[PDB]
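Everything below concerns the one structure shown next.
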Amino acid sequence: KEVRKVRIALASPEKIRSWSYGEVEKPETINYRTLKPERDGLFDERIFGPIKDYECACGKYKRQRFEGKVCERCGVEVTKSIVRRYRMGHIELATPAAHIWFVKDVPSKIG
Amino acid sequence: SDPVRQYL
Amino acid sequence: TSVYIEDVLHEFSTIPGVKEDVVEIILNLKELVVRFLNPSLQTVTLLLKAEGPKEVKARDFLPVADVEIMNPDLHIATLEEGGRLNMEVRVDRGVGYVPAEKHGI
Amino acid sequence: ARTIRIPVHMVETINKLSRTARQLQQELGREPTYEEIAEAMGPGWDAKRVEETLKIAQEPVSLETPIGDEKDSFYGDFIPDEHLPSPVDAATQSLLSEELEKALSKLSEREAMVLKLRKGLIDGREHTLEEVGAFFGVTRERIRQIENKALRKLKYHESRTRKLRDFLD
Amino acid sequence: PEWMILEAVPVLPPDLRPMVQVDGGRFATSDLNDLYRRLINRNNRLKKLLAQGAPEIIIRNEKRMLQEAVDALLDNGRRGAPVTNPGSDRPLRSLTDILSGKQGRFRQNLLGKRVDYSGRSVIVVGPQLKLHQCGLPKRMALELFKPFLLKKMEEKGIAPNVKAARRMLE
Amino acid sequence: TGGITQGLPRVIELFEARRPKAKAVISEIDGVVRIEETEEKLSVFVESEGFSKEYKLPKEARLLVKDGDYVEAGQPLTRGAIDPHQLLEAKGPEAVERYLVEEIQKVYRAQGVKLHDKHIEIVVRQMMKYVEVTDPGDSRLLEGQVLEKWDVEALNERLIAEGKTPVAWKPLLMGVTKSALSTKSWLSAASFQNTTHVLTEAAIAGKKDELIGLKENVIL
Amino acid sequence: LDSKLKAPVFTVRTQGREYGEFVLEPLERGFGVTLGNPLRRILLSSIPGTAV
Amino acid sequence: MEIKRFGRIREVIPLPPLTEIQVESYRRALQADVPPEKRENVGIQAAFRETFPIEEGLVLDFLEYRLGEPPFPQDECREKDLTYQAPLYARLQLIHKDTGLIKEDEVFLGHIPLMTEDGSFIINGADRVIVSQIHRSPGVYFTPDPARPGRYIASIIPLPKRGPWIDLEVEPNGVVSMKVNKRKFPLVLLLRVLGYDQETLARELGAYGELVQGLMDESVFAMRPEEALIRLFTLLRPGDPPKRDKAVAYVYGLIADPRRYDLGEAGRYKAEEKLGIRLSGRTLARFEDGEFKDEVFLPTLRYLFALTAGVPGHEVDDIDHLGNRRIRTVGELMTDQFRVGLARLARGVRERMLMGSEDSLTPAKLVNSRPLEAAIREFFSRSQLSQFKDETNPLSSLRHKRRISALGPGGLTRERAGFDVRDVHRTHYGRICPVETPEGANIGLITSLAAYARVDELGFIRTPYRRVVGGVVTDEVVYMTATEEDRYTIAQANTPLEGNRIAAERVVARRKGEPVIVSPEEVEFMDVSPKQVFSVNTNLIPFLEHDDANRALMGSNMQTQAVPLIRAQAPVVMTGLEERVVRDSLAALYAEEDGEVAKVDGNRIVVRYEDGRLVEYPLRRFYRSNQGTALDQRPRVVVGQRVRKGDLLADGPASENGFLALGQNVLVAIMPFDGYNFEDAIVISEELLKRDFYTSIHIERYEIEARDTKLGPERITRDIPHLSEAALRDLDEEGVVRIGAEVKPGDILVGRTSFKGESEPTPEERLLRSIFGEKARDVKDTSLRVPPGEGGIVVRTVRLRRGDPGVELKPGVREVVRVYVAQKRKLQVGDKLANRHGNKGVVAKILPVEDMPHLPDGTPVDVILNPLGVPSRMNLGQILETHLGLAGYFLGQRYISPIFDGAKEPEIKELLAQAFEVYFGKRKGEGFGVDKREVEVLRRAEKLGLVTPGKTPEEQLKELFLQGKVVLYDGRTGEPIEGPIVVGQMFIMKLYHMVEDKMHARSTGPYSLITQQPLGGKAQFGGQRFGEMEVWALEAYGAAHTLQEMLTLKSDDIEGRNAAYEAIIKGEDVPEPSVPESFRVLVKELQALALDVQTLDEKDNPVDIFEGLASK
DNA sequence: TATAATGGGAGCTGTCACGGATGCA
DNA sequence: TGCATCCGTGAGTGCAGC
Ligand SMILES: [Zn+2]
């Protein structure tokens, strides 16, 4: 189909979670010794996808034709690494927090 | 205004 | 069309005991006027060997058959005690202005 | 405190190395070498260990780090993407596949297919001799032999047309 | 309306906030990672302080800090002092910063872009040129038209193939 | 030195439809001019048959009026640039269009720049693009709600065709910036300026960009 | 340094006895005006003719 | 050759040392030569004295400091990328008050950068310059309130980062308000804190009736100094507990604390002079005997009320006046950052003092030098005032050191900058050059110190004048500030003198800048020279008085950009300043004392002096500058030559026999030529290239590192995979290209191999290599190659390795290799040429010699300049320069024509007459008469009224020659130019803007990480920016596909750009564009802002631009 | 894992004009 | 209800820039 219109709207928590491929539970980025991403971190391949094309983290499945497959050992989907610029993660807050755009923008929409 | 002041 | 100097790898170098740098030496050698007698002769390599203290002129070039320098008083280099200069300079027949960049001789 | 997290014992070792180097520089009137720091750290510590410890201690720098006296230049603007294949690389892989298929139509169906199976052009995995042999219904020795003759014919044709040479860099 | 409050804060794909090894093996990364790390640290500490039955002053402080963390992430310096990295006065670059301004996504990468098959040089008067013509330096042309030139080199005996032609022009 | 500074100033002022500090005082209605000047204070009255109006101005102001003269509504009483909005409420849209065009052209002519009226007219047209509702009629609109003239006209033609009460509206003049931020396409506006504002209002409204203009299509 | 190249080809375009165009290429640098000017001077001043 | 100089004005004093502004400043700051006990309270010593003693009971005190010798010399620092610096030790003693225990030790604080002899620094191997800052001098100012006329603002301003600005204003409600940290509060409260009784304020301020009544508030006087203090504290600190000692602490720190609040010494002086009082300390008040005592506040209030009332002897202040604007030089800036780092070190000290063990604490354990080191390093690296030194030519450095900037920390930002400060104030006379400033955004913000100008100890720029008593002009020279200068009537430097007495009935002078005609009885002072009005650069423009200022600016600025030429020559027409510039810049090498030359070498000059000692001078040879210009010194003397003191031993870059040589003297004709000189373009003769005029040496440095990785070590080797021996031809055994080899783009400078990551060899590639029998290697070719458009001869290689003596690299680096490549650049088409009068142009054409316009004697011109560049530009100096240049061509002489005391038309006419005789009489003797073409041209000129009818051809030719015009022959025809043409010698320079550096082109190349758009810049092999306005151009043309290509296929559309490249190499037309990646980046970045952006169709149904990859 | 210890610390000053809110007289 | 007044937001392009 041809793109005609472009819509922009508020995103519900449900929508945001629908976007997310996983929750990031840890501040960690990459391991100091290995320089690999850390589990449940901001760079996690489990959440955001494989760093290498069609190859999981542990290296159990290295080939295409293993598509959509998820490794049991490392939990990483085998697919194109391009998805690392696409798939969103999320952080579940203990206390709800106001989006500052709808607060500090005068006149305040919430206000 | 100043979070530290408020907390103190 | 060309200059070789012993213990000189390129134009950007200086020689111990010689006042002029190589850029200046070549600039002076570019003023050299060499007459050929025999019309059949295309090229001549002028050999120069000298040591100081002396002021090396174009006259100091070792003579070649059917070759006359029309400006023997032309300055080449200034050599100092311990200063030693050994050159082989290639002079060719030709026409117009051909830059070093083009002929690469 | 670190964008790249470091274990507490390792942070202790790093800070200890820092304090050691600082004292050493305080008595040396200059920054110490790796060897002097290694001396002051005790046994088990050589220059290489100090050097690698300092290496792993290095913190990352901001991509938004400003460049120039104006506000218009980021440090990250100078950093190329090595991951995504260049148009040249992509086109080269494309012409490579197309040319290999040339030689495909070249060798017979069986030997070309055996080669594609063993080298992984089909499912991407590289099959063993027993798999291609059980697939074509022959012995592993036989399938190995037809693989050999396939590769051999490819070698001859390659020496002949010099087509696949330029892709070898 | 309640969607103007965030229960779950989205996380940008990592490639858009890269952690990259530069030439020398040293690492360079986007500020968004530091912002997200502040956020996650404060959130986690909040969950642990809750689970452990902390007094109200503490939980209040933590919640306030959490809101300010979210603020810093989405629009930094919008309310209160801008969050900076240790040992620097430089404000961290948040999503709002990324979007707007002259250096923002729209103006920099969207309404305009750097392009391929382009070059530049000094200009010199053309008096012999006809109105529809310009003098173009040979080498500039060799580079700008390069793929066409590879193709035409293959169309003739100049090169066996495209890759050979390119390796030849190297 | 020896024998477009001002120029650019004035132009920008005009294209931003800004109320000048040099502002000339204009008559809101028709009438006859009765000047009343005490040595200490000066004032100018405009007297119609039905009613009279009073304009109190500093005694040092230059008057463009002779005592006992009949002045049109919106006609300058004093020198200085006219407030385009006052001219709008007084003499209407065409007057303002003519004023903006001629005024902008003065500056360019002064510097020896030959430029066609058309372009300035295009811009001014974009400046007049909006209206403000005086009464909603039978519509869903609100009093003081700003919208596009085309939209209120289409609406009113639908209401008239339906037999309903038309929307009472007044012409609205805004400067180029506000007009650009007030455009229908949210991609265009958000990429222009005030990104967060445009984006939040659009997101709350669930705005759809129909990709009518050039900017949007460029962005995509 | 080495220079050897071919002699130029003389090209002729003639319409009637009234007009003609004469093209000589390639020539060494500058020789276009070296030949052109003297010929123009001669063609205007020295060509035998008749007059009243 | 003979140098003839014009002008009657005799300069009483020479130019002061031109780098003194840097040198004496930094020397004053360090006090390294001063034995510690004799040091003053200024400089880094001041910072030590402010920081220490450190208390809170342990007490750390400061005895003295010392600076050691530099661990490495300047050159070695340049090569090893080190910093020229000296170790800084500080002797400290910890004293426990109770115990009485005193532990004394000298602690090492790290290093401080040393300034070189020429007034520059070496930071990490690169030469830098700290640029002087200009700012508002601290003190008490009174300025008109812009809103309400009749009311004024009294501003009390301290030094930058020295505490808050304080405003005093009379409010419409009648009460006097004080503003501090944006807080308006009644001043009477603070007045009460200082302990002022209503009676004292009444008797003091009573003289002004209406105002003091507004000052009176009984609710304040009903309080006590304590209660008032706590009240003020509650006003400045809401929510903060109003404890007594805390309020005392805050108010003391805000006003009376010398460490927190500092007016400069200059602020002190100016406050004293303005308010007519005497200041004890540098603060606004004191804490004495338990209470506070006022200093500045009451006098300020008194003055403010007096000005408001109209009381005589009270005026507002001109904040742009150069009496109110001072300069912060290197010493002050460096000292400032030193003070900051020291403060941090002190904080750390108090920390350790509280935490550490009470039995044993040494000063060494208490002091961490790191924060201080960081502060200094930060200043000399990332500061805006710390700039990469401009070494392009010696004058560039000299001028850079003399720069003044209104920008930087504590300075203006270009947004806040507006006219009033970019203006040129009358007080700039003799101080700041009115001419040399940037044309663009920095105009008036970046300026230049005038030639005779000096910065005093207080930081004010002073210019010399001469005492005039009874019309007699003394040799006594007095340097005044602008404030002092305003007090006198100062005569112009050109006022006619017989002996030391002024002879004119009427003289032209200045009184407070105002031009006035006065009698000699009224003259108090007289200018030293016209030179003092301008900068060092502007002073290099001959016939300056004939050039419009706008082009003088351009000539000035462009001289900085002149490239040193191998054949470089001094101008035929000089200003007289050419030698001092060479000398002060330390470019040339000179003889220390009278002596005899022992040895002369390319590399060395050995001199034997009167002392009998043998002093050897090494010559810097083909060294690379910051801008890549070659800096080399050549010996100008010979063996056995006797040299007196201050004699020239050797010429540095851009120096011909000790005279500044910025370019060549070329023979120009001013005529249009076949459109090739159209719009400032320039035509030159190939003869210039033949004789190597405008040829310059440039050296470029390349660098590569081989480091330890986790995939295995990178290594520098000659063994490079898949490479022939043809490519390794010039590589040595170790893999580094050999000295003397010629390198072209694509050539390897240094061989390097790197191990491949998981690049799981494409089972595609597995197959490939197996077929081809060649096994897939594990290493790949990372070697450093000559970038496109570069090359030359390799003149140097530097190889540093880990495990080598005296060598330690940054962690992980196994080895570093540098390769220095030199190139000889001939002048070419597109290179920028300029003269000193602001005439600039790019060379558009190089003709063979036979095509050049020539003189009747067969002499071709060098350069053809279009006359159309003259009239609108109004720089006639170049014309005069040409005329005189013509004379000196035939007389074989050079001239000195001082600015404003010049060569005049009649004198040039005389010289031109002599020159004409030389140019003609020779012909007449040679047996040749006047040419037919000359006759025709004479007829033409006779119609133009250039020559008089009836005179002989010779007489007329002379008549033209006196006008600087000569008959000129077209080289292409032989027929003469119909009019006579202006021909003569002009000094023209080759500017640093060279097409060889600027020419760039790209098909495809590296892309950015996030945006996937092409990188910018030549060095990165980047694409040109097609920006919003270029887009507007394409839109305006209605070319949709060209535009869409720009937005997609050619930039960030991945699939699109790939498919496009492949399509083009195949010969297919380019495929249809796709979504540009940065739009996806936009969508995902908006999602991160919790906004849902949906691409929809006309059915309002969602469309996936991420193609399922983003959806679960 | 235990002597007692109980409210921070750095401010940043030379724009400039407009739109739009908000408050106070 | 009109008018201070405070806050927030803008302020040319491409080169290079360490
Ligand atoms: Zn796995």
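Each chain in the structure tokens gets a letter, A, B and so on, in the order shown; residues start at 1 in every chain, and ligands are counted from 1 in the order they appear.
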
- Item | For residue B:2: contacts at 12 Å, only C-alpha atoms (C1' of nucleotides), fewer than 6 positions along chain excluded, given as a VMD selection string | (chain B and resid 8) or (chain E and resid 64 to 65 68 79 to 81) or (chain H and resid 238 to 239) or (chain I and resid 8)

Same residues, N, CA, C and O atoms (P, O5', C5', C4', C3', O3' and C1' of nucleotides), output as a PDB file, in the first residue's frame:
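What follows is the written file result11.pdb:
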ATOM      1  N   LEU B   8      16.015  18.952  52.378  1.00  0.00           N
ATOM      2  CA  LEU B   8      16.621  19.389  53.632  1.00  0.00           C
ATOM      3  C   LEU B   8      15.578  20.020  54.548  1.00  0.00           C
ATOM      4  O   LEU B   8      15.711  19.986  55.772  1.00  0.00           O
TER       5      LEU B   8
ATOM      6  N   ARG E  64      10.316  11.867  43.766  1.00  0.00           N
ATOM      7  CA  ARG E  64      10.683  13.160  43.207  1.00  0.00           C
ATOM      8  C   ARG E  64      11.863  13.007  42.247  1.00  0.00           C
ATOM      9  O   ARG E  64      11.813  13.457  41.095  1.00  0.00           O
ATOM     10  N   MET E  65      12.914  12.350  42.730  1.00  0.00           N
ATOM     11  CA  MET E  65      14.095  12.082  41.919  1.00  0.00           C
ATOM     12  C   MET E  65      13.759  11.273  40.666  1.00  0.00           C
ATOM     13  O   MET E  65      14.391  11.442  39.628  1.00  0.00           O
ATOM     14  N   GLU E  68      12.075  13.675  38.188  1.00  0.00           N
ATOM     15  CA  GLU E  68      13.129  14.512  37.608  1.00  0.00           C
ATOM     16  C   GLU E  68      14.027  13.745  36.640  1.00  0.00           C
ATOM     17  O   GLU E  68      14.513  14.309  35.658  1.00  0.00           O
ATOM     18  N   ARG E  79      12.745  21.643  32.971  1.00  0.00           N
ATOM     19  CA  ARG E  79      12.472  22.065  34.342  1.00  0.00           C
ATOM     20  C   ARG E  79      13.658  21.790  35.253  1.00  0.00           C
ATOM     21  O   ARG E  79      14.126  20.657  35.356  1.00  0.00           O
ATOM     22  N   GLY E  80      14.132  22.834  35.923  1.00  0.00           N
ATOM     23  CA  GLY E  80      15.241  22.712  36.851  1.00  0.00           C
ATOM     24  C   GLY E  80      16.584  22.724  36.151  1.00  0.00           C
ATOM     25  O   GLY E  80      16.661  22.920  34.936  1.00  0.00           O
ATOM     26  N   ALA E  81      17.644  22.515  36.925  1.00  0.00           N
ATOM     27  CA  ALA E  81      18.995  22.476  36.380  1.00  0.00           C
ATOM     28  C   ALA E  81      19.144  21.314  35.403  1.00  0.00           C
ATOM     29  O   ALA E  81      18.618  20.226  35.642  1.00  0.00           O
TER      30      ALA E  81
ATOM     31  N   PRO H 238      15.521  32.360  51.582  1.00  0.00           N
ATOM     32  CA  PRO H 238      14.228  31.837  52.035  1.00  0.00           C
ATOM     33  C   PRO H 238      14.329  30.367  52.431  1.00  0.00           C
ATOM     34  O   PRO H 238      14.897  29.568  51.687  1.00  0.00           O
ATOM     35  N   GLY H 239      13.794  30.022  53.598  1.00  0.00           N
ATOM     36  CA  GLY H 239      13.749  28.640  54.042  1.00  0.00           C
ATOM     37  C   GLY H 239      14.992  28.207  54.794  1.00  0.00           C
ATOM     38  O   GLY H 239      14.962  27.243  55.561  1.00  0.00           O
TER      39      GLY H 239
ATOM     40  P    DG I   8      24.319  21.501  55.872  1.00  0.00           P
ATOM     41  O5'  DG I   8      24.409  21.313  54.288  1.00  0.00           O
ATOM     42  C5'  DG I   8      24.570  20.024  53.700  1.00  0.00           C
ATOM     43  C4'  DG I   8      25.190  20.211  52.330  1.00  0.00           C
ATOM     44  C3'  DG I   8      26.319  21.230  52.314  1.00  0.00           C
ATOM     45  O3'  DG I   8      27.435  20.678  51.644  1.00  0.00           O
ATOM     46  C1'  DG I   8      24.599  21.865  50.759  1.00  0.00           C
TER      47       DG I   8
END

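Neighbouring residues of ligand 1 at a cut-off of 7 Å, counting only C-alpha atoms (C1' of nucleotides) and all ligand atoms, are residues 56, 57, 58, 59, 60, 61, 71, 72, 73, 74, 75 and 76 of chain A.
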
Residue subset to file, keeping C-alpha atoms, as a tab-separated table (two decimals), in the first residue's frame:
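File written: part_27.tsv
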chain	number	residue	atom	x	y	z
A	56	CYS	CA	22.47	-15.57	18.42
A	57	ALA	CA	24.61	-14.52	21.38
A	58	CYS	CA	25.87	-17.95	22.44
A	59	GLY	CA	26.36	-18.95	18.81
A	60	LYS	CA	24.07	-21.98	18.77
A	61	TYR	CA	22.32	-20.96	15.55
A	71	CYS	CA	17.74	-19.80	21.09
A	72	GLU	CA	17.00	-21.70	24.29
A	73	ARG	CA	20.44	-21.09	25.78
A	74	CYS	CA	20.95	-17.35	25.15
A	75	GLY	CA	17.32	-16.34	24.47
A	76	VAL	CA	18.33	-14.40	21.35

Output as a Markdown table one row per residue of chain A within 12 Å of chain I: the closest atom pair and its distance in Å to one decimal place, counting only C-alpha atoms (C1' of nucleotides), sorted by chain and residue number ascending.
| residue | atom | partner | partner_atom | distance |
| --- | --- | --- | --- | --- |
| A:106 | CA | I:21 | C1' | 8.4 |
| A:107 | CA | I:21 | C1' | 8.2 |
| A:108 | CA | I:21 | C1' | 11.4 |

Output N, CA and C atoms for every residue in the selection just made, as a compact mmCIF listing (two decimals), in the first residue's frame.
# COMPACT_ATOMS: atom_id res chain seq x y z
N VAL A 106 3.19 25.62 28.30
CA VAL A 106 2.11 26.51 28.72
C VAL A 106 1.20 26.94 27.57
N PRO A 107 -0.12 27.00 27.82
CA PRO A 107 -0.77 26.55 29.05
C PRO A 107 -0.76 25.03 29.20
N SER A 108 -0.45 24.55 30.40
CA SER A 108 -0.33 23.12 30.66
C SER A 108 -1.61 22.37 30.30

- Message: I need the residues in stretch 27-154 of chain D that are helix (DSSP H, G or I) according to DSSP; give them as a ChimeraX atom specification.
- Response: /D:27-28,34-41,47-56,75-78,87-106,109-119,129-136,140-154

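Non-sequential neighbours of residue G:33 (distance at most 10 Å, separation of 3 or more positions within a chain, only C-alpha atoms (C1' of nucleotides)) are residues 29, 30, 36, 37, 38 and 39 of chain G; 851, 971, 972 and 973 of chain H.
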
Could the residues in this selection be written to a file with N, CA, C and O atoms, as a compact mmCIF listing (two decimals), in the first residue's frame?
# COMPACT_ATOMS: atom_id res chain seq x y z
N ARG G 29 50.62 24.45 -29.06
CA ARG G 29 50.07 25.54 -28.27
C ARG G 29 50.47 26.92 -28.81
O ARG G 29 51.65 27.20 -29.02
N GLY G 30 49.47 27.76 -29.06
CA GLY G 30 49.71 29.12 -29.50
C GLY G 30 49.72 29.32 -31.00
O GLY G 30 49.54 30.44 -31.49
N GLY G 36 46.98 32.44 -37.79
CA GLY G 36 45.75 33.17 -38.07
C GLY G 36 45.89 34.66 -38.32
O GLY G 36 45.32 35.19 -39.27
N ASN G 37 46.65 35.35 -37.47
CA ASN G 37 46.82 36.79 -37.61
C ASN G 37 47.53 37.28 -38.87
O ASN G 37 47.03 38.18 -39.54
N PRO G 38 48.71 36.71 -39.20
CA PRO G 38 49.38 37.14 -40.42
C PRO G 38 48.51 36.91 -41.65
O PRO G 38 48.40 37.79 -42.50
N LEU G 39 47.90 35.73 -41.72
CA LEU G 39 47.01 35.39 -42.82
C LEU G 39 45.88 36.40 -42.94
O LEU G 39 45.55 36.85 -44.04
N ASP H 851 51.98 34.87 -25.40
CA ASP H 851 50.62 35.40 -25.41
C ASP H 851 50.48 36.63 -24.52
O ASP H 851 49.44 37.29 -24.51
N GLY H 971 50.74 40.18 -27.52
CA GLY H 971 51.63 39.10 -27.91
C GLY H 971 51.04 38.23 -28.99
O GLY H 971 51.76 37.61 -29.77
N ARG H 972 49.71 38.18 -29.04
CA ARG H 972 49.00 37.32 -29.99
C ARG H 972 48.90 37.93 -31.39
O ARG H 972 48.83 37.21 -32.38
N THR H 973 48.91 39.26 -31.46
CA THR H 973 48.81 39.98 -32.74
C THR H 973 50.12 40.67 -33.13
O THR H 973 50.65 40.45 -34.21

Within 8 Å of stretch 2-15 of chain J using only C-alpha atoms (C1' of nucleotides), minus same-chain residues under 2 positions, as a PDB file with N, CA, C and O atoms, in the first residue's frame:
ATOM      1  N   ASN F 194       9.105  25.667  17.509  1.00  0.00           N
ATOM      2  CA  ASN F 194       8.281  25.304  18.662  1.00  0.00           C
ATOM      3  C   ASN F 194       7.825  23.860  18.578  1.00  0.00           C
ATOM      4  O   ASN F 194       6.638  23.563  18.694  1.00  0.00           O
TER       5      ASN F 194
ATOM      6  N   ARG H1025      26.837  19.084   1.716  1.00  0.00           N
ATOM      7  CA  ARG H1025      25.536  19.241   2.342  1.00  0.00           C
ATOM      8  C   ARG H1025      24.532  19.867   1.379  1.00  0.00           C
ATOM      9  O   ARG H1025      24.783  20.923   0.800  1.00  0.00           O
ATOM     10  N   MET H1029      17.993  25.317   2.120  1.00  0.00           N
ATOM     11  CA  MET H1029      17.937  26.320   1.059  1.00  0.00           C
ATOM     12  C   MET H1029      18.178  25.724  -0.331  1.00  0.00           C
ATOM     13  O   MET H1029      17.592  26.172  -1.323  1.00  0.00           O
TER      14      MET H1029
END

Quick one: contact table of chain D to chain A, 7 Å max, nearest atom pair and distance in Å to one decimal per residue, counting only C-alpha atoms, chain and number order, as a tab-separated table?
residue	atom	partner	partner_atom	distance
D:3	CA	A:29	CA	6.7
D:4	CA	A:29	CA	5.8
D:5	CA	A:28	CA	6.0
D:6	CA	A:32	CA	6.4
D:56	CA	A:32	CA	6.7
D:123	CA	A:65	CA	5.8
D:124	CA	A:63	CA	5.3
D:125	CA	A:63	CA	6.3

Kindly save the residues from that selection, with N, CA and C atoms included, as a compact mmCIF listing (two decimals), in the first residue's frame.
# COMPACT_ATOMS: atom_id res chain seq x y z
N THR D 3 29.39 3.96 33.06
CA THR D 3 28.49 3.59 31.98
C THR D 3 28.74 2.13 31.63
N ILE D 4 30.00 1.73 31.68
CA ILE D 4 30.36 0.32 31.58
C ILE D 4 30.66 -0.17 32.99
N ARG D 5 29.78 -1.00 33.53
CA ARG D 5 29.87 -1.42 34.92
C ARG D 5 31.08 -2.30 35.20
N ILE D 6 31.72 -2.05 36.34
CA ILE D 6 32.89 -2.82 36.75
C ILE D 6 32.63 -3.41 38.15
N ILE D 56 41.30 -1.48 30.84
CA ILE D 56 39.92 -1.85 31.16
C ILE D 56 39.22 -0.79 32.01
N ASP D 123 20.80 -24.03 2.73
CA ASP D 123 20.15 -23.63 3.97
C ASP D 123 21.05 -22.74 4.83
N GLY D 124 22.30 -22.57 4.39
CA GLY D 124 23.26 -21.76 5.11
C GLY D 124 24.20 -22.59 5.97
N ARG D 125 23.74 -23.77 6.39
CA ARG D 125 24.61 -24.70 7.10
C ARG D 125 25.46 -25.53 6.15

- Message: Show me, as a ChimeraX atom specification, the residues that have an atom within 7 Å of residue B:7 when counting only C-alpha atoms (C1' of nucleotides), minus same-chain residues fewer than 3 positions from it.
- Response: /B:3-4 /E:61

Those same residues - N, CA and C atoms - I'd like them written as a short mmCIF file (atom, residue, chain, number, x, y, z; two decimals), in the first residue's frame.
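Below you can see part03.cif, which holds the result:
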data_model
loop_
_atom_site.label_atom_id
_atom_site.label_comp_id
_atom_site.auth_asym_id
_atom_site.auth_seq_id
_atom_site.Cartn_x
_atom_site.Cartn_y
_atom_site.Cartn_z
N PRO B 3 15.52 20.88 44.66
CA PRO B 3 15.20 19.58 45.26
C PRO B 3 15.98 19.30 46.54
N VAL B 4 17.25 19.66 46.55
CA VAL B 4 18.08 19.47 47.74
C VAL B 4 17.55 20.31 48.90
N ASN E 61 11.29 11.46 48.52
CA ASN E 61 12.52 11.90 47.88
C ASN E 61 12.81 11.07 46.62
#

- Polymer residues at most 7 Å from stretch 148-151 of chain F, only C-alpha atoms (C1' of nucleotides), same-chain spacing of 2 or more positions, as an MDAnalysis selection string: chainID F and resid 129:131 153:155

- Message: Need the shell around residue F:95: protein/DNA/RNA residues with any atom at most 12 Å away, counting only C-alpha atoms (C1' of nucleotides). Skip same-chain ones fewer than 4 positions apart. Format as a list in words?
- Response: residues 72, 73, 74, 75, 82, 84, 85, 86, 87, 88, 89, 90, 91, 99, 100, 101, 102, 103, 124 and 128 of chain F

Within 12 Å of chain J, which residues of chain F come that close, and what is the closest atom pair and distance in Å for each? Count only C-alpha atoms (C1' of nucleotides) and give it as CSV.
residue,atom,partner,partner_atom,distance
F:177,CA,J:10,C1',10.7
F:192,CA,J:10,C1',11.3
F:193,CA,J:10,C1',8.5
F:194,CA,J:9,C1',7.7
F:195,CA,J:9,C1',10.9
F:196,CA,J:9,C1',11.6
F:197,CA,J:9,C1',11.3

Deliver the residues from the most recent selection as a file, using C-alpha atoms, as a CSV table (one decimal), in the first residue's frame.
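The file below, part_6.csv, is the result:
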chain,number,residue,atom,x,y,z
F,177,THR,CA,5.5,33.0,12.0
F,192,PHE,CA,9.4,24.8,11.5
F,193,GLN,CA,9.7,25.8,15.2
F,194,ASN,CA,8.3,25.3,18.7
F,195,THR,CA,8.5,21.6,18.0
F,196,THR,CA,7.3,20.4,21.5
F,197,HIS,CA,4.2,22.6,21.4
